Amino acid sequence: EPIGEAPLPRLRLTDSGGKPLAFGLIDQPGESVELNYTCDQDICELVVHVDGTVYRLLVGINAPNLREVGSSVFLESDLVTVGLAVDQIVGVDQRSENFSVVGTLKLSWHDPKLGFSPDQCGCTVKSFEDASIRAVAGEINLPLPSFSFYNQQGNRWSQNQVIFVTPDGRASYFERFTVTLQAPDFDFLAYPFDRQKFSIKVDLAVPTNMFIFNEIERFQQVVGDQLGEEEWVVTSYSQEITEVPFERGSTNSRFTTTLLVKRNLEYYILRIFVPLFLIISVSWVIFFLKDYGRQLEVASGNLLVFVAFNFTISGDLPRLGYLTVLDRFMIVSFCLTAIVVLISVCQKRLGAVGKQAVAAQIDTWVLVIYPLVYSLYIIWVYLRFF
Amino acid sequence: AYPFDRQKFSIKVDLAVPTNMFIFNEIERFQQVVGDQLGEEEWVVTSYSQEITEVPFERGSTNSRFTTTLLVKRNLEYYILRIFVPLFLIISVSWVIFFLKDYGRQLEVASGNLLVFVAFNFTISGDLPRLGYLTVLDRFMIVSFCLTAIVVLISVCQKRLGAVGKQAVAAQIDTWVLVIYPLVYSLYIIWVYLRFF
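Residues numbered from 1 in each chain as written, not as in the entry; some residues may be left out. Chains lettered and ligands numbered in written order. Part of a larger assembly, values for the part shown. Heavy atoms only, no water. Residues with missing side-chain atoms left out of burial classes, pairs and counts.

A. Expanded view of the overall build of chain B. Counting secondary structure elements, chain B contains five helices and three strands. Relative to the globule expectation of 16 Å for 197 residues, the C-alpha radius of gyration of chain B, 28 Å, shows a markedly less compact shape. Taking contacts inside chain B between residues at least 6 apart in sequence as the whole, the part at least 24 apart equals 74%. (Helix = DSSP H or I, 4+ residues; strand = E, 2+ residues; numbered from the N terminus. Rg over C-alpha atoms; globule rule 2.2 N^0.38 Å. Contact = heavy atoms within 4.5 Å.)

B. Seen up close, the interface of chain A and chain B. Tallying the contact residues gives 24 residues for chain A and 26 residues for chain B. Taken together, the elements giving at least two residues each to the side of chain A that touches chain B come down to α2 (268–271), α3 (273–285) and α4 (294–313) of chain A. For the side of chain A that touches chain B, the element with the most residues is α3(A), which contributes four residues. Here the side of chain A that touches chain B is composed, by residue class, of 15 nonpolar, three polar and six charged. (Nonpolar A, V, L, I, M, F, W, Y, C, P; charged D, E, K, R; others polar.)

C. Quick look at the state of the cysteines. Residues and elements named next belong to chain A. Taken as a whole and judged by the stated rule, the model has two disulfides over all chains. There is a disulfide in this structure between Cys39 and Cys44, and the S-S distance comes to 2.0 Å. What sets the handedness of the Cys39 and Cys44 disulfide is the S-S torsion sign, and at about -85 degrees it is left-handed. Residue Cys39 is classed as partly exposed on the basis of its relative accessible area, which comes to 26%. (Disulfide = S-S within 2.5 Å. Buried < 20%, exposed > 50% of the residue type's maximum accessible area, 1.4 Å probe, protein only.)

D. Spotlight on unusual backbone geometry. Cis geometry is adopted by the peptide bond preceding A:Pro192, which originates at A:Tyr191 and carries an omega value of -5 degrees. Its place among the elements puts A:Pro192 in the loop between β10 (171–182) and β11 (197–204). A cis amide bond, omega -5 degrees, links B:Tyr2 with the succeeding residue B:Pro3. If you trace the backbone, B:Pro3 turns up in the segment before β1 (8–14). In this structure, A:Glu97 takes a positive phi of about 60 degrees despite not being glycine. Here A:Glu97 is to be found in the loop between β5 (84–93) and β6 (98–109). Look at A:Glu97 and you get partly exposed, because its relative accessible area is 26%.

E. Inspection of the environment of A:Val233 at higher detail. Residues and elements named next belong to chain A. By secondary structure assignment, the location of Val233 is in strand β13 (residues 232–246). Its relative accessible area of 35% is what places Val233 among the partly exposed residues. Put simply, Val233 and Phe219 are 14 residues apart on the chain and 23 Å apart in space, counted from C-alpha to C-alpha. Residue contacts for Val233: discarding those within four places in its chain leaves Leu260, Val261, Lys262 and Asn264.

F. Structural context of the pairing of β11(A). Residue and element names in this part refer to chain A. The element β11 is extensively covered by neighbouring structure, given that six of its eight residues are classed as buried. In this structure, β11 lies alongside strand β14 (residues 250–263), joined through seven bridges in antiparallel fashion. Directly across from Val202, in β14, lies its bridge partner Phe255. (Pairing = 2+ DSSP bridges.)

G. Focus on the pattern of salt bridges. All names here are of chain A. Counted under the stated rule, the structure contains 13 salt bridges over all chains. Close ionic contact of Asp194 with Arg263 constitutes a salt bridge, the shortest N to O distance being 3.0 Å. In this pair, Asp194 is assigned in the loop between β10 and β11 and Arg263 in strand β14, connecting sequence segments 69 residues apart. Classification of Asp194 as buried rests on a relative accessible area of 5%. (Salt bridge = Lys/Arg side-chain N within 4 Å of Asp/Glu carboxyl O.)

H. Structural detail: a negative patch on the surface. On the surface, a cluster of negative charge is contributed by B:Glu40, B:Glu41, B:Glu42 and B:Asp127. Positionally, B:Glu42 belongs in the loop between β1 and β2 (43–57). (Patch = residues over 30% accessible without salt bridge, like charges linked within 9 Å, V, L, I, M, F, W, Y side chains within 5 Å. Areas by Shrake-Rupley, 256 points an atom, 1.4 Å probe, with all protein chains shown as cover. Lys, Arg positive; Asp, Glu negative; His and termini not counted. Charge placed at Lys NZ, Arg CZ, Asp CG, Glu CD.)

I. Just the packing of α3(A) against helix α4 (residues 137–164) of chain B, in detail. It is the contact of α3(A) with α4(B), at a shortest axis distance of 11 Å, that shows an interaxial angle of 5 degrees. Between α3(A) and α4(B), the interaxial angle falls into the category roughly parallel. Each of A:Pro275, A:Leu278, A:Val282 and A:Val285 in α3(A) lies in contact with α4(B), whose residues at this interface are B:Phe145, B:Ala149, B:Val152, B:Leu153 and B:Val156. Looking at the contact of α3(A) with α4(B) residue by residue, the class counts come to nine nonpolar, no polar and no charged. (Axes fitted to C-alpha atoms, helices over the stretch in contact; angles between N-to-C directions. Parallel < 35°, antiparallel > 145°, perpendicular 65-115°, else oblique.)

J. How the structure looks around the environment of A:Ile343. Residue and element names in this part refer to chain A. When you line up the elements, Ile343 lands in helix α5 (residues 326–353). Exposure remark for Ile343: the relative accessible area of 27% places this residue in the partly exposed category. Taking the C-alpha atoms as reference, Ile343 lies 8.9 Å from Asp363; in sequence the two are 20 residues apart.

K. Structural context of the environment of A:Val165. Residue and element names in this part refer to chain A. Checked against the element boundaries, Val165 lands in strand β9 (residues 157–165). Look at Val165 and you get buried, because its relative accessible area is 7%. Measuring from C-alpha to C-alpha, the distance between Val165 and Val298 comes to 78 Å, with 133 residues separating the pair along the chain. The contact partners of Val165, leaving out residues within four places of it in the chain, are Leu114, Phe116, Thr124, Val125, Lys126, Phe128, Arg170 and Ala171.

L. Molecular detail of the sheet that holds β11(A). All names here are of chain A. Taken in spatial order, the four strands make up an open sheet running β8-β11-β14-β13, and their pairing is antiparallel. Unpaired on one side and paired on the other, β8 (147–149) and β13 mark the two borders of the sheet. For this sheet the average axis-to-axis angle between neighbouring strands, irrespective of direction, equals 20 degrees. Here β8 runs beside β11; their pairing, made up of three bridges, is antiparallel.

M. Layout of the sheet that holds β2(B). Residues and elements named next belong to chain B. With respect to topology, three strands assemble into an open sheet ordered β1-β3-β2, the strand pairing being antiparallel. Here the strands that pair on one side only, and so sit at the sheet edges, are β1 and β2. Across the sheet, the mean angle from the axis of one strand to that of its neighbour is 20 degrees, orientation sign disregarded. Where β2 and strand β3 (residues 61–74) come together, 14 bridges link them in antiparallel fashion. Each bridged residue has a counterpart across the sheet, and for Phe57 the counterpart in β3 is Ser61.

Here it is, written out as structure tokens:
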């Protein structure tokens, strides 16, 4: 019976092999459909097709006067429980946009097959490991889930695989891996004051009708206490399950773990910001000395130094397609310092004629523009990030 | 405490099955734990230990674990020769030129030392992680950075101050920087003796 204002869909009861057994005949009211069948064989495995190529559907067993959530369930199970945890962060590679983790995986589900009495072994749990796992189910011919790290580059070194089976049917699959993943949301526009995010995506290799992900279970802490990688610090995390499309009419489950990180600034403040502040300051304090040409000599040398600091900073970033913050600061200082040499070369010639009054007066002008500009530029950076 | 530190290394062996199915019981040394020759002359082992503990898992399952630990220390023959000798010499000579009253030359040498240090800053950072705090070697280089950009200020003040004719201030203040420079570094060393030795 549709919830409300939803067209009646097609329904059909067939056999698990595919042969049809019964069909649904609707009545004049049109708000409900009816299907009835009674088995007469030794095994009756039934499948309910609902065709629409939201709605409410009721299924019962031995329910005369079903008109007007029973004691037990009446549909099978293929719902897979998942769980992932992070133990280490081996490294981070800014320039190639990837990172690596060492974690562990837990897949567990229910199957009425693969059960066993405690008389065959005298034991209560059975264990398989390594590549013997591929040497079990094929003889029994029962479908197993198969995952895949969607955004993995290269190989995945998994050092242990184990599945424990309990007689009633429960099976728990564990795995320990070391993988390299891809991070495509790196945004350097605020470098080095940025907070990027890292994702781990686990995907099923089988369609939705054969398996899905159902619930998220944390058998362990998601983020371990010690990971290494002091340059990045984790502040949050999240886990969720979605559904992504494939092919033309097939979809599969997916399970995403996200980490949010921030960058420490103790290295950058010490190798770059301190040497750059000192060299600029002294190149402004020499302006007090009226020894001209020496003003040129120091400013020429600063041109040589900066192109060194330009190659250093570019060493550990991709060949980007836009402008960072650190790249804007160095462009400003490049252009500004090639202007003071112009003034110094103009001041030198201008003082040869005898018009020192312009030279002395214009000298004090560059004494205020130089320290004012950088303060102006900083203000333009305060608003766009803080 | 870099490079005066003594870190420790662990090897952890863990069981992949619950406690009720297997455990570790005793520790047996069928061989010497640490072989005589290992290579890696930069680190030297002074002790070792072995122990067995029990760590939790899942919700109601625990497994055995067996830990081996090594304690190591760093040799200082490389660091004393590539860094401490070149840095002591360049600072000493930049203080002994102060005897010459040729001003501006005091600026010229101090300006060059600013250029050299930023080279020594990138060299030392080459083989350390992008750390989140301050080592010892990083404090020593910060002190010398800040101090040397102060003597250029004095030299540029001394040069202009001697043009008017007041050499008495210039000569008298010249001897002041002759005592502050070698006194400070000795003060800084004392602050390092207490925190590590």
